[PDB]
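K.L.:
One structure follows; several queries about it will come next.
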Ligand SMILES: Nc1ncnc2c1ncn2[C@@H]1O[C@H](COP(=O)(O)OP(=O)(O)OP(=O)(O)O)[C@@H](O)[C@H]1O
Ligand SMILES: Nc1ncnc2c1ncn2[C@@H]1O[C@H](COP(=O)(O)OP(=O)(O)OP(=O)(O)O)[C@@H](O)[C@H]1O
Ligand SMILES: Nc1ncnc2c1ncn2[C@@H]1O[C@H](COP(=O)(O)OP(=O)(O)O)[C@@H](O)[C@H]1O
Ligand SMILES: [Mg+2]
Ligand SMILES: [Mg+2]
C-alpha cells in the first residue's frame, strides 16, 4: 500500500571471433 | 565551514545566492535538492563524490545547495524503499563535506524553508557553521523593497512609500514585488502613464484576493 | 415486413453496395497481392525496385550512432562512446562544420574509420512526446460566453505579451508569468484551456497531473527536467497543468512516513519554475477544483500570480450560452430564452448543454425531422421535473 | 478538549443509530437464556459460560437474581454492568412499596428500567448499557 | 480503398444517386480497360520477376531489429538484439503506414538497411479484460423492465446500430450512464445482456481490482484501459462497482487513501478532459448513489441516471418462471404461495430459492419437486438474509 | 596518522553499485588486500547505510 521501489542491472556478456589470418606488422 | 539560510518562503534566499554568484569570480556551482535522488541505487554517492571532485580541480569554488530538506531528513524506523536510498546518499554528503581528509578549497551554501526535518549531523557546527535566519520585512524594508521595484516604471512623484508600507500589512518581498507589478497594468487598463496611490491600493486588493460580498452587516 | 423511409431507399443502397463489392472484384481479377507477411503491394515498388535501390545500396552507408562527451583545444579531438561498445577519441569527417557539434549530442559515426558524419536530434522519450499536443482544437473565444471579466484578465496575461511585445517595453513592466484558474466544476476551465491553445502561436504543451506519479523513485522528477529543457529550446511555449492536487498539496509530517515521493517530485517543480536562472518565455496555466489545500510555496507570487474564479454567471450568461448551444441545432424560429433561463437559476454550462442534447432526444422519442419550440418546452418541462427529483439532488 | 470526544449521540448518515447497534451485538455472544410459560408457573433456563473446576460455586445463587418476593430476572451481557441495574431495579420496586404498601405490578417496573436505559442514549455521550 | 471521401448529402437526395453512379462508371471502365489487358497482351510480367529482383536484392539471412525513432522519410534509427543502434535507410518495399515505434523490423548485413516488417502479436490485455464472446442469456432472461431496457437501448444500441437521427439535427448522443439501485437487482445482468446482443467490442472491469499494493499503477491501469479501448475498435467500456473505490474526499487523509484519490483524479481526466475520445461508450454500475463525488456526477461525463426498483408481484411471476423454466415441476406447487405473500425480496433471492429447491430434493435423493422443497428453501433464504441483520424492534 | 601506509578507510556508502554482484566483490578484494599485508587496520565510518 503506497510503497516505492528502486532497481538493478543485469548486464549481458560479450564475445568476439575472427578468421585470424591477418598479420599485424606492416612496419619496417 | 558552511553558511545556512532559512526562513519564510518569500523573504529572499535565492537572491543572495544569485547575487554573490553575480559579484564574485570563483567557480560557482549550483545544486538542487532532488537531483541527488536517482532511479538506481548508488548514483547519488556517485553524484556527490563526482561533484566535489569537480570543485577541487577549480579550487576557487563555491557550491550552492537548494531545498536541502528534500535530502536532509531525520531518520527513523523506515521500511521498504524511498528513504532506503535517501539516507545512503545523505551520509555520503556528510562524509565528503566534513571529517576525514578535510579541505579548505570549497565553500557550501544551503537554504531551506523548514529546519526541523533536518538531522543534527547536518547542522553540527563544522558541516554548516553559521545559521542565518531571514525575518519578514518589518516596516521600513517594505518601504525599501517597493522603492526598488519601482525603478523602471513611470511613477507620479506624489507617492509616499511610508503610506504604502503601513498599509501593506504582513507581506513578504515577493508580494511587495507583486503589488508593484499589478499597479503598472492597472494604469495600462485605463491608459494612464504615471501612477497614483489608488493604483497601489487596488493592487493590494488583488494580491490579498478578497473573495465575496454582502459583508455589510458590520459597523 | 418493412416500408420505404424515403423514396428510393434500397434503390440507392445496393447500387452503392455492389460497387463496393465490385471494387474488390476488380482487384482479384487484376491480381492483387495482399497480406504477404509485411511487404508493400506490387503496383508501386516494381518501378522502385531497380537500380534506384542500388543508389541506396552502394552510395549509402550504415553510420552507427553515438554520443559525445566533450571536446578538446585547438582541434576537435572528440571523446565519444558508442553505447556499450567502446569509448573512443575520434574526429569529424570533412562534410561538417565544427560549430554545431556541441557536447551531449547524439551523432552518427562511420563504422569503418570511426569518423563523425551526421549530428542527430536528441533523445526525447515518447512518454513526454505523447503530451505535446501537436494539433489545436477548434474552440472560439465566443464559445465561452458569460465570462467577460475572466477572459479579459486572462487575455491580458497569456495572449498579449506573446502577440504584442510593444506596450510592455514602452512602459517598462514584466507580465505575470503564471496564472491559476479555479472554481466550481463544469464552469469553463477546460474551455478556456482549449480556446487559448487555439490561438496560441506557440508550442502548447499539455500536462495531465497524475502522469507524474510512478513506481520508482526519482523518475517522476526526471520528467520535469525534460519538460523545462524542451521549454528553453522551444522559445515562447505554453504549458498547461490540470488537477494539480495529484502533484502535491501538503507536507504531512506528523508521522512522516506517508507520502514522500510526490513531495520530492513537487519540490523539483518548485526549483525549475522560479529560482536560480529564470526561465525566460514560459507561461503556466493551472486548474483545480479545491485551491485551498495547496502548498503556499506555489501560492507565492512570481509562480502563481492571478487567482481567477469561475462562478455561475447571473441570468444573462445563461441566455447567451443558450444562444451558443441552441444557435447550432435545427429549431423553430419561435425561440425565446429569458423564459428558459429564469426556469434554471443555478446551473452550469454543462447543465445547459445537457438540456439541449436532451431536447433532441424528445424528437427521437417522437418520430420527427425537427426540433419544435413546444417540443423544447416539453424538453424544459421534464428537466425542471428531472432536476427537482434527481437522484443525487 | 474537543477532539477527544467520541460522539455516541449523533445518528448515522444512513438515518439510524450507530452506537446502539454495536452494543446489541455483544448480547448475542457470552450467554444463552430463555423462559417459557403457558399455564400456572414459569421457568428460566441458564447456562454456565465459565465452568472451570476450581471455582467455589458458594454463592448458591447465580444469574437468576431474586429482585422481589414475586419477581426475578435473567441477565446476559457485560457482567458488572448488570450489578448497577440489579441494585437499582431492586430499589425502584421497594420505593413503590413504601409509597403504596402494595406489591409492584410487573409491567410498570419494566417501564421504570427502560426509562433509565434510554436516558443514556438520549443525551450526554455516556456509554450505554450492553 | 479510400476511393471517394464524400458522404455529405447523407439521405435519399439525388446527389448521392449521381455521385455513386459516377463511381460506378469510373470503376466499371477501369475494370473494362484492364480486362482488355489479359485479353490481348495477357503477359505475366511480375510473378517472379518482381520477386527475384528483390529476394536477390535483400540478403538471404534476415535479422530482426527494433524501431526506436523515425526521422524524415527513409532513414530511421533502429536497435539490434544487443543494443547496438544503426542509422539506416529504409526501402520502399515495407509498408511505411504500419511503421510505428516499438515494432520489429527486418534488416540487412552489410548496410543493415530496413528491408521488411514482421507482423505483431495480440496484446495480452485484451485477453485479460474483454468478455470475448457473447457470454450468457439474451432478453428472454430479464424479468419485465421495459423502461430501463428502453433507456439503455436508445443511449447505446440505437445510436450504434442505426445512426441516422442524431446526424439529422447534429446533436451528439449522451455519453455516460449510471446503473444504480439496491443490490441483487440485475445490474450485472443488464450489462451482460447488452454485451450479448451487440455489434461493437465490450469491456468488463471490476472496480475493486484497481488498487495495487505498488503505487502509480492505479493511474497506469486506467490510462492503458481507454488507450486499448480507443485503438482497438468501436468500444463499450463497462466498469462495475465504482462506489467503494471513487466515493469522495471524505477526510482528505494520506497513506493509501491519497493514492486512491489520485487514481480517481486520473480516471476523471481520462474520462473527459481533452480531445473527445470518440466511439467510446462508458457504463458504470453502483449500489449506493449518494456518497459519490459530484465532479463525476456532473454532465459532460455522465448524462443518464437510471433507478432500479423492486417489483412486488408482477415481474416476479416470470422470474420465478424463468429460473424454474429448466427443471422439473410436480403438480403440488403454486408459485402464488410465495409471490403474493412477500413483496421486497430480490431477484437474486429468487435464484437463491430456485437453486436451493434443487439442492434439497437431490440431497434426499428424491423425485422431482415437492411443495416442502419451496417451503424449506424460502425459510432458508430468510435466514440467509436475517442472520446478517442486527435489527431489533423499530430500530 | 601514525602508520600512514597500512590503513584502509571506507565511507561505507560508495560500496553500492548498479549491478547484482559487484558490491560483495569489493569486500572480498578488501580483506584479501588486508590478507596480503599482514598488520592491517580496517576503518568503516557510518555502517548505518550498509
Ligand atoms: N528582501 C527583498 N528585496 C527585494 N526583493 C525581494 C526580497 N525578497 C524577495 N524578493 C523578490 O522575491 C523573488 C525571489 O523569491 P525568494 O528569493 O523569496 O525565493 P526563495 O525564498 O529563495 O525560495 P522559495 O520561494 O522556494 O522559498 C525575487 O524576484 C525578488 O524580487
Ligand atoms: N460558460 C460556458 N459557456 C459555454 N459552455 C460551457 C460553459 N461552462 C460550461 N460549459 C460546457 O460544460 C462543459 C464542461 O466544461 P469544462 O470541461 O470546462 O468543466 P471543467 O471546469 O473542466 O470541470 P472540472 O472542474 O470538473 O474539471 C464544457 O464542455 C462546456 O461545453
Ligand atoms: N429481472 C430478473 N430476471 C431474472 N433474473 C434476475 C432478475 N433480477 C435479478 N435476477 C437474478 O439476480 C442476479 C442479479 O445480479 P445483480 O443484481 O446485477 O448483482 P449486483 O447488482 O450485486 O451486481 C442475477 O444472477 C439474476 O440471476
Ligand atoms: Mg529559493
Ligand atoms: Mg476540467
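Using Swiss-Prot numbers, chain C covers 34-426, in order.
Cβ coordinates are placed from backbone N, Cα and C, and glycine is handled just like the others.
This is the feature table in Swiss-Prot:
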MOD_RES   C:116  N6-acetyllysine
BINDING   C:216, C:217, C:218, C:219, C:220, C:221, C:222, C:223  ATP binding site
MOD_RES   C:422  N6-acetyllysine
K.L.:
Tell me whether residue C:220 (ATP binding site) sits in a helix, a strand or coil according to DSSP.
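P.N.:
The residue in question, residue C:220 (ATP binding site), is coil (DSSP, three-state).
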K.L.:
Inside 8 A of the center formed by the CB atoms of C:216, C:217, C:218, C:219, C:220, C:221, C:222, C:223, which other residues of the chain have their CB, for the recorded ATP site?
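P.N.:
Near the ATP site, beyond C:216, C:217, C:218, C:219, C:220, C:221, C:222, C:223, sit C:322, C:343, C:381.
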K.L.:
Once near-sequence residues are set aside, which residues in the chain of residue C:221 (ATP binding site), 6 or more away, have Cβ atoms under 8 Å from its Cβ?
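P.N.:
Set apart from residue C:221 (ATP binding site) by at least 6 residues yet with Cβ under 8 Å, we have C:177, C:179, C:180, C:183, C:343, C:382.
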K.L.:
C:217, C:219: which of these binding-site residues has the sparsest Cβ neighbourhood within 10 Å?
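P.N.:
Ranked by other Cβ atoms within 10 Å, the binding-site residues C:217, C:219 bottom out at C:217.
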K.L.:
Taking Cβ distances under 8 Å as the criterion, give the subset of the recorded positions C:216, C:221, C:422 near chain E, ordered by sequence.
P.N.:
none
K.L.:
Cβ distance under 8 Å to residue C:216 (ATP binding site), same chain, sequence separation 6 or more: which residues?
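P.N.:
Listed in sequence order, they are C:222, C:322, C:342, C:343, C:344.
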K.L.:
Counting all other Cβ atoms within 10 Å across every protein chain shown, which of the binding-site residues C:220, C:223 scores highest?
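P.N.:
For the binding-site residues C:220, C:223, the Cβ with the most other Cβ atoms within 10 Å is C:220.
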K.L.:
Enter the number of other CB atoms within 10 angstroms of the CB of residue C:218 (ATP binding site).
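P.N.:
Around the Cβ of residue C:218 (ATP binding site), 19 other Cβ atoms lie within 10 Å.
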K.L.:
Given residue C:219 (ATP binding site) and residue C:116 (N6-acetyllysine), what distance in Å do their CA atoms have, once rounded to a whole number?
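P.N.:
That comes out at 50 Å between the alpha carbons.
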K.L.:
Within the chain of residue C:422 (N6-acetyllysine), which residues six or more apart in sequence place their C-beta under 8 angstroms from its C-beta?
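P.N.:
The answer is none.
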K.L.:
Compute the C-alpha separation of residue C:223 (ATP binding site) from residue C:116 (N6-acetyllysine), stating it in Å without decimals.
P.N.:
43
K.L.:
When neighbour density is defined as the number of other C-beta atoms within 10 angstroms of a residue's C-beta, which of the recorded positions C:116, C:222 has the lowest density?
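P.N.:
Counting other Cβ atoms within 10 Å of each of the recorded positions C:116, C:222, the minimum falls on C:116.
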K.L.:
Determine, to the nearest whole angstrom, how far the Cα atom of residue C:220 (ATP binding site) is from the Cα atom of residue C:116 (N6-acetyllysine).
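P.N.:
Between the alpha carbons of residue C:220 (ATP binding site) and residue C:116 (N6-acetyllysine) there are 51 Å.
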K.L.:
Rounded to an integer, what is the Cα-Cα distance in Å between residue C:116 (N6-acetyllysine) and residue C:218 (ATP binding site)?
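P.N.:
Cα to Cα, residue C:116 (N6-acetyllysine) and residue C:218 (ATP binding site) are separated by 50 Å.
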K.L.:
For ligand 5, pick out the recorded positions C:116, C:216, C:221 that have a CB under 6 angstroms away from one of its atoms.
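P.N.:
Once distances to ligand 5 are taken from each Cβ, none falls under 6 Å.
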K.L.:
Using a Cβ cut-off of under 6 Å to any atom of ligand 2, determine which of the recorded positions C:116, C:217, C:220, C:222, C:223 qualify.
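P.N.:
If the test is a Cβ under 6 Å from any atom of ligand 2, the answer is C:220, C:222, C:223.
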